[PDB]
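Let me begin by presenting the structure, written as structure tokens, before commenting on it.
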Amino acid sequence: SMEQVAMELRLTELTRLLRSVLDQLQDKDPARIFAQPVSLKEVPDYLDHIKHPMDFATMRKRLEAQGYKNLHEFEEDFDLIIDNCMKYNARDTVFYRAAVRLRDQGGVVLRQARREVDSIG
């Protein structure tokens with residue numbers, strides 16, 4: 022139908038905007054701490070601690086399959102990256118501190134993304 026096509030064009034355009042959001046958030050992680058999944062070879066107990074692992078590569082795979090239907094879903098995954106790290110790692114670690122800085126800096130980007138998503142519809 023023509024309606025399914027229109028809906029599909031909306032999703033495509035959301036995917037465009039989320040790709041730009043993702044790039045902007047990932048620039049806020051210049052050490053690449055959150056770029057890839059925590060390795061279960063190197064952290065073999067990880068899934069005993071963290072039940073829903075997340076990272077920027079995993080998000081990018083979901084994004085490119087148009088697997089984010091709305092900004093809320095995308096933000097859920099970003100918050101998992103931060104929140105998983107702040108539980109597994111102690112306060113005095115470069116990992117925890119990287120997550121705090123990513124959260125603080127990403128807030129700005131996500132604030133305007135929400136306005137854009139609502140504005141363009």
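Sequential numbering from 22 applies to the sequence shown in the authors' numbering.
Beta carbons are placed, not taken as given, at the ideal position from N, Cα and C, and that holds for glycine.
### Message
Any contact between the region 37-51 and the region 126-138? By contact I mean 3 or more CB pairs, one from each, below 8 Å.
### Response
yes
### Query
Between the C-alpha atoms of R40 and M107, what's the straight-line distance to the nearest angstrom?
25 Å
### Message
Using 7 Å as the threshold, is the C-beta distance between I71 and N105 below it?
### Response
yes
### Task
Along the alpha helix (DSSP H) that carries residue 11, what are the first and last residues, could you check?
Lying before the first or after the last residue shown, residue 11 is absent from the chain, which here runs from 22 to 142.
### Message
Is it the case that the region 75-82 contacts the region 50-62, given that we only count it when at least three CB pairs across the two stretches are under 8 Å?
### Response
yes
### Task
Taking only heavy atoms of the ligand MN into account, decide whether any of them is closer than 6 Å to the Cβ of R132.
Looking at this structure, you won't find the ligand MN or any other ligand, since it has none at all.
### Message
Distance check for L131 and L84, CA to CA, integer angstroms please.
### Response
16 Å
### Task
Could you check the C-alpha separation between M28 and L68 for me, to the nearest Å?
37 Å
### Query
Can you name, in chain order, every residue of its own chain whose Cβ lies under 8 Å from the Cβ of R31, other than the five neighbours on each side?
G142
### Query
Looking at the structure shown, is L32 part of a helix, part of a strand, or coil, going by DSSP?
helix
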